[PDB]
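Encoded as structure tokens, the structure appears first; notes follow it.
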Amino acid sequence: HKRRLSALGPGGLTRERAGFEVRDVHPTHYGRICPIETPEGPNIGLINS
DNA sequence: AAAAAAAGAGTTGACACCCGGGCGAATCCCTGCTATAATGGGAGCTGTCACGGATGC
Numbered sequence: 534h535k536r537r538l539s540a541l542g543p544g545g546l547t548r549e550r551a552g553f554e555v556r557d558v559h560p561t562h563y564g565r566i567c568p569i570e571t572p573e574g575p576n577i578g579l580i581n582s
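Numbering of the first sequence is given in the entry's author numbering, commencing with residue 534 and proceeding in unit increments.
Pasting the structure below:
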């Protein structure tokens with residue numbers, strides 16, 4: 534829970550304003566952001582660690 | 001074979017009292033008055049579309 538990287542808050546894209554590109558995984562996350570730990574709820578692809 | 005009374009009613013004075021209405025007293029709310037010089041304002045998006053409609057020359 535301490536190694537979490539959220540994308541919301543005061544200055545972040547709202548869940549309704551996320552879209553499809555923000556939730557998608559980018560090929561630069563190799564070794565910097567694990568694309569396997571993410572909540573399977575509505576805010577998918579925004580709480581990656 | 002007869003014939004009157006503890007209850008059952010019915011009151012009659014005799015307190016005990018319990019909020020109500022005043023008499024106070026103690027204390028709240030309003031309103032105005034202060035005299036050196038005061039002179040234009042701080043967030044907020046901005047990382048969804050798409051449609052469906054309202055103004056303009």
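Heads up, the beta-carbon is just placed ideally off N, CA and C, and yes, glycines get one too.
Can you tell me whether DSSP reads residue i as helix, strand or coil?
i    : result
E554 : coil
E570 : coil
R548 : helix
How big is the Cα-Cα spacing for residue i and residue j?
i    : j    : result
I566 : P543 : 22 angstroms
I577 : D557 : 9 angstroms
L541 : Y563 : 23 angstroms
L538 : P560 : 17 angstroms
For the 8 angstroms Cβ check, are there 3 or more pairs between the segment 545-555 and the segment 563-573?
no
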